[PDB]
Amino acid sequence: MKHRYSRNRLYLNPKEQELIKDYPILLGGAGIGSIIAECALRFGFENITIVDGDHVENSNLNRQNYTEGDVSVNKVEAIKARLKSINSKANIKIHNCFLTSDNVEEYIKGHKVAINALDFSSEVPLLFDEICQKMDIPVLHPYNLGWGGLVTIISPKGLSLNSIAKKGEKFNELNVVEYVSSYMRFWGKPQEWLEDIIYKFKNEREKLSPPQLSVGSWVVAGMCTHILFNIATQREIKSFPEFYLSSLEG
């Protein structure tokens, strides 16, 4: 440990603190992932690769780890500045590029765990997971459900998100969230708030991106940091088709 991680004691012993220091994490996408990166860095994960090709837009400022001065800059450049001002000795490696079928494997290679925060409009969201399973790299899928944070982990030998994808039609986050609500309702725990926002979003006249709130981003960042700690320290986790849902209502 260090005096920076002084208040981590009892929860983490010194050997765990050292372990997560160099534990190579791959983060694909610096949007929702920028909140996760700060929470995970402050926890003690100092070896983070961030890959994103987008620039900071105004609409990011309601839930992503950027400032007014960052607007029009590569998200990856801004989040590295933010992260390295929190920990100057941290090993924060960025790549201002979009992932494609040709480059995605070499980026994945060398990491012990990955966070798939990739827009489903790019080409590689599902292929990203397939390579990680092939390489024994578990994949965290964090989602911003407004009031809730949702994480599901694709484990190397388990079901992938394909299981809920339909053969022949495209797959996005609305499918994931509709699976979660149906699963919760199946078990007698309907999330009526979640079903309500899905209904409003689908019956929107105009075709827009899903709404997201700072609440869910902040909650999911904490969830991911806990999950990462469990994965690095070989504590048990729930794998997809099971998931973690956290909200004030719960």
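Numbering starts at 1 and follows the sequence shown.
Taking the mean of the C-alpha B-factors per stretch from the entry, tell me the winner out of 14 to 22 and 234 to 242.
Stretch with the higher mean C-alpha B-factor: 14 to 22.
As stated in the PDB record, which stretch has the larger average Cα B-factor, 49 to 57 or 29 to 37?
According to the PDB entry, the answer is 49 to 57.
By the CA temperature factor listed in this entry, which of these ranks top: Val215, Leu208, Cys224, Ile197?
Largest recorded C-alpha B-factor: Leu208.
For the CA B factor values reported in this entry, which option in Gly158, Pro138, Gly110, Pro142 has the top one?
The C-alpha B-factor peaks, among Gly158, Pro138, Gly110, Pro142, at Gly110.
Check where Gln64 lands among this chain's C-alpha B-factors and tell me if it's the lowest, middle or highest third.
Middle third by C-alpha B-factor.
Using only modelled residues of the chain, where does the Cα B factor of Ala117 rank: lowest third, middle third or highest third?
Middle third, going by the recorded CA B-factors of the chain.
Among the modelled residues of this chain, does the Cα B factor of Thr152 put it in the lowest, middle or highest third?
Its C-alpha B-factor, which the entry lists for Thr152, ranks in the lowest third among residues of this chain.
Classify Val71 as lowest, middle or highest third according to the C-alpha B-factor given in the PDB entry, relative to its own chain.
Highest third of the chain for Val71's C-alpha B-factor.
What third of the chain does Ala90 rank in for C-alpha temperature factor, lowest, middle or highest?
Highest third.
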